[PDB]
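Structure at a glance
Okay, here's what each chain looks like letter by letter:
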Amino acid sequence: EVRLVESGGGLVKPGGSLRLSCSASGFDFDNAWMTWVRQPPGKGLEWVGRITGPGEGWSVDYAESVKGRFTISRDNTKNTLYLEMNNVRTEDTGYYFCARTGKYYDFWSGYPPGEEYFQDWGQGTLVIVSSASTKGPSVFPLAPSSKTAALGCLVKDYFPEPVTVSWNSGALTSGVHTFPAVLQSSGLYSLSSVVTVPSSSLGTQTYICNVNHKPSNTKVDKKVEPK
Amino acid sequence: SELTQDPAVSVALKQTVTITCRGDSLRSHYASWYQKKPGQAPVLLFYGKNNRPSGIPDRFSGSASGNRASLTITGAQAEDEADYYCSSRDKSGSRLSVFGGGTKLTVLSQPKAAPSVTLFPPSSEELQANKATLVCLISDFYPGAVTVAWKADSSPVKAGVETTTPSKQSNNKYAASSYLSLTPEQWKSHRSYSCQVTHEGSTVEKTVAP
Amino acid sequence: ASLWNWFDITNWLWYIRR
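Residues numbered from 1 in each chain as written, not as in the entry; some residues may be left out. Chains lettered and ligands numbered in written order. Heavy atoms only, no water.

This deposited entry lists X-ray crystallography as its structure determination method and 2.4000 Å as its resolution.

**Observations regarding the environment of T196(A)**
All names here are of chain A. Threshold: Secondary structure is summarised from DSSP: a helix means a run of H or I of at least four residues, a strand means a run of E of at least two, and numbering begins at the N terminus for each. Each residue's exposure class comes from its accessible area (1.4 Å probe, protein chains only) as a fraction of the maximum for that residue type: buried when under 20%, exposed when over 50%, partly exposed otherwise. The contact rule is simple, with two residues in contact once any of their heavy atoms fall within 4.5 Å.
Within the secondary structure, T196 is located in strand β17 (residues 189-197). Take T196: its relative accessible area is 28%, and that puts it in the partly exposed class. Not counting chain neighbours up to four residues away, the residues in contact with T196 comprise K147, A149, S174 and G175.

**Quick word on the interface of chain B and chain A**
Rules: A 1.4 Å probe defines the accessible area here, and the buried area is the portion of it lost by two parts on being joined, summed over both. Salt bridge, as used here: a side-chain nitrogen of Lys or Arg that lies within 4 Å of a carboxyl oxygen of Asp or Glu. N or O atoms closer than or at 3.5 Å make up a polar contact, with two conditions inside protein: a donor-capable atom paired with an acceptor-capable one, and, for residues adjacent in sequence, both atoms drawn from side chains.
If you look at the interface, chain B gives 52 residues, while chain A gives 48 residues. Both sides of the chain B and chain A interface together cover about 4100 Å² of buried area, and 62% of this is carbon and sulfur. For the chain B face of the interface with chain A, the top three residues by lost area are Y30(B), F99(B) and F120(B), together amounting to 14%. For the pair chain B and chain A, the number of links is five salt bridges. Counting across the chain B and chain A interface gives 19 residue pairs in polar contact. Secondary-structure elements contributing two or more residues to the side of chain B that touches chain A are β4 (32-36), β8 (82-89), β9 (97-99), β11 (116-120), α1 (124-128), β12 (132-141), β16 (167-168) and β17 (174-182) of chain B.

**A word on the interface of chain A and chain C**
Here is the rule: Note on residue classes: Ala, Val, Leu, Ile, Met, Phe, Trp, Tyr, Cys and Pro are nonpolar, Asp, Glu, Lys and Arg are charged, and everything else, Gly too, is polar.
Each side of the interface is counted separately: chain A has 17 residues, and chain C has twelve residues. Interface area, chain A with chain C, both sides summed: about 1300 Å², of which 66% is carbon and sulfur. Counting across the chain A and chain C interface gives zero salt bridges. At the boundary of chain A with chain C, the tally comes to five residue pairs in polar contact. Partitioning the side of chain A that touches chain C into residue classes produces eight nonpolar, five polar and four charged.

**A closer look at the packing of aromatic side chains**
The test is simple: Ring pairs are drawn from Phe, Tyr and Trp, using the six-membered ring of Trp, whenever the two centres fall within 6.5 Å, and their geometry is named by plane angle: stacked under 30 degrees, edge-to-face over 60, tilted for the rest. We call a charge positioned over a ring when the NZ of a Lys or the CZ of an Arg lies within 6 Å of the ring centre and within 35 degrees of the ring normal.
In the structure shown here, the tally under the stated rule is 22 aromatic pairs over all chains. When the ring of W187(B) is compared with that of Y193(B), the centres are 5.5 Å apart and the planes differ by 20°; the resulting orientation is stacked. Look at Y193(B) and you get buried, because its relative accessible area is 1%. What links up through ring pairs into an aromatic cluster is the set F97(A), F118(A), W121(A), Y34(B) and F99(B). Between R74(A) and the ring centre of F29(A), over which it is positioned, the NZ or CZ distance is 4.5 Å. The side chain of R100(A) reaches across the aromatic face of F27(A), ending 4.8 Å from its centre.

**Some remarks on the UniProt feature "disulfide bond" in chain B**
All names here are of chain B. As a reminder, the rule being used: Any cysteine sulfur atom paired with another within 2.5 Å is treated as part of a disulfide. UniProt positions are given in the numbering used here, feature names are shortened, and annotations may be inferred rather than shown by experiment.
Here the bond UniProt gives for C136 and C195 holds up, since the two sulfurs are only 2.0 Å apart. Here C195 lies in strand β18 (residues 193-199) and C136 lies in strand β12, a separation of 59 residues in the sequence. Side by side, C136 and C195 carry an identical accessibility label, which is buried.

**Re the sheet that holds strand β13 (residues 147-152) of chain B**
Residues and elements named next belong to chain B. Which entries qualify depends on this criterion: Note on pairing: DSSP must find at least two bridges between two strands before they are called paired.
If you walk across this open sheet you meet the four strands as β14-β13-β18-β19, and the pairing is antiparallel. The open sheet has two free edges, formed respectively by β14 (155-156) and β19 (202-208), since each of these has just one partner strand. As judged from the two bridges shared by β13 and β14, these two strands associate in the antiparallel manner. Paired with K151 across the bridge in β14 is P156.

**Concerning the state of the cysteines**
If you walk through the whole model with that rule in mind, you get four disulfides over all chains. A sulfur-sulfur separation of 2.0 Å characterises the disulfide bridge that pairs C22(A) with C98(A). Across the S-S bond linking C22(A) and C98(A), the dihedral sits near 75°, which makes this disulfide right-handed. Pair noted here: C22(A) is in strand β3 (residues 18-25) and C98(A) is in strand β9 (residues 94-104), with a separation of 76 residues, a long-range link. Accessibility expressed as a relative area gives 0% for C98(A), which makes it buried. Between the sulfur atoms of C21(B) and its disulfide mate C86(B) the distance is 2.0 Å. Taking the torsion about the S-S bond as the criterion, the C21(B) to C86(B) disulfide, at about 70°, is right-handed. Of this pair, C21(B) sits in strand β3 (residues 17-22) while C86(B) is found in strand β8, placing the two residues 65 residues apart along the sequence. Taken in N- to C-terminal order, the disulfide-linked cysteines of chain B are connected 1-2, 3-4.

**As for a nonpolar patch on the surface**
Heads up, the condition is: Each patch groups residues whose relative accessible area exceeds 30% and which form no salt bridge, using 9 Å between like charges and 5 Å between nonpolar side chains of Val, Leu, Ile, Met, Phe, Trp and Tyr. For every accessible area listed, the method is Shrake-Rupley and the probe measures 1.4 Å; residues are considered covered only by the protein chains on display.
Together, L3(C), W4(C) and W12(C) line one region of the surface with nonpolar side chains, adding up to about 460 Å² of accessible area. Along the chain, the position of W12(C) falls in helix α1 (residues 6-17).

Pasting the structure below:
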């Protein structure tokens with residue numbers, strides 16, 4: 001019955017602004033405390049801030065690394081939670097969740113102001129902070145090296161996601177592993193695709209990686225050879 | 001880091017595992033626990049003194065003593081493999097909340113496997129573009145939790161290190177990769193570079209020379 | 001329970017016990 005849906009995520013330049021929305025249903029929204037939580041890619045959950053209810057004057061608290069730049073508000077006439085992000089930084093990149101916040105205080109063993117727990121969560125909306133525009137990748141060969149050997153292609157400095165990598169036009173799929181892209185501090189992505197091959201086939205078989213970057217309409221075919 | 005958790009813990013199927021959270025505020029405030037799976041919203045598991053929300057199996061329970069909070073899973077199932085987070089106040093009496101670092105829990109379905117480490121030096125083609133990237137390939141390890149360190153000669157390197165979260169291969173084992181960004185002058189100025197991967201207390205290293 | 005200020009309730013309930 002409880003439904004929380006985040007929206008408003010997208011690409012924003014550093015120093016810009018963005019507003020995330022969270023529409024709620026299935027519970028008494030007016031008297032409910034609401035929390036924003038973010039998760040940077042590959043990292044853990046981070047508490048962003050929370051807005052209280054009518055008895056607290058709708059007061060809002062923020063994380064220290066967030067104060068001065070984010071504003072949390074609510075519109076009880078539309079059952080929506082808001083997160084306004086100003087002067088946005090690259091570290092603000094990640095998935096943003098809204099959470100219905102509960103309140104707990106044990107009379108005999110608690111300590112004010114008790115603790116807050118998150119009963120219900122949304123599915124999250126992705127925010128990407130990057131100064132970069134559309135850019136095709138630079139493909140570099142990774143010559144075979146001892147692992148059986150391993151060889152591959154380094155797909156460097158592209159934007160935005162995604163990039164697909166195949167080998168020998170899809171004819172080589174055994175032993176192939178394409179890693180997830182890492183977002184660099186420059187705002188560009190990079191990844192690697194690697195295949196494990198027997199060392200006895202390094203001078204007999206040819207290996208061509210096929211890199212396709214649809215956002216920039218770029219295709220690259222690179223042959224990986226021993227030194 | 002106000003709340004500290006162990007990064008990775010493993011448990012055998014149907015056995016008991018405890019995940020601990022440590023911090024100053026836990027001496028004065030209770031903690032809550034959350035299960036987090038890839039592509040899914042977090043699930044509250046336990047909060048307060050002895051509160052388990054309905055619909056959660058009884059094998060999850062929470063306890064606390066001193067500055068430690070603990071989540072115990074009794075008779076772990078295969079669907080219990082996820083990341084587990086503790087939450088509480090950041091200071092005693094504070095209006096802010098904070099999460100622990102998180103704990104990756106593996107319900108062992110495979111034998112332990114040590115990682116292979118492959119190291120790719122900067123290609124000549126990249127060095128001519130006035131760039132240099134060392135690519136460290138880490139593959140065929142289980143469970144999927146590794147620590148990666150880089151060395152220039154005998155000193156630890158500073159910046160320019162990027163590492164990806166381990167992911168499943170075709171054979172249900174994990175792979176990872178790490179990148180060391182250098183300028184061509186830096187690359188040719190050291191005698192050697194090493195990629196050191198620690199997995200279940202054992203380190204596997206690979207060294208290249210310019 | 002929501003009519004009161006939560007941060008003040010828990011503070012008041014703490015004074016009563018102590």
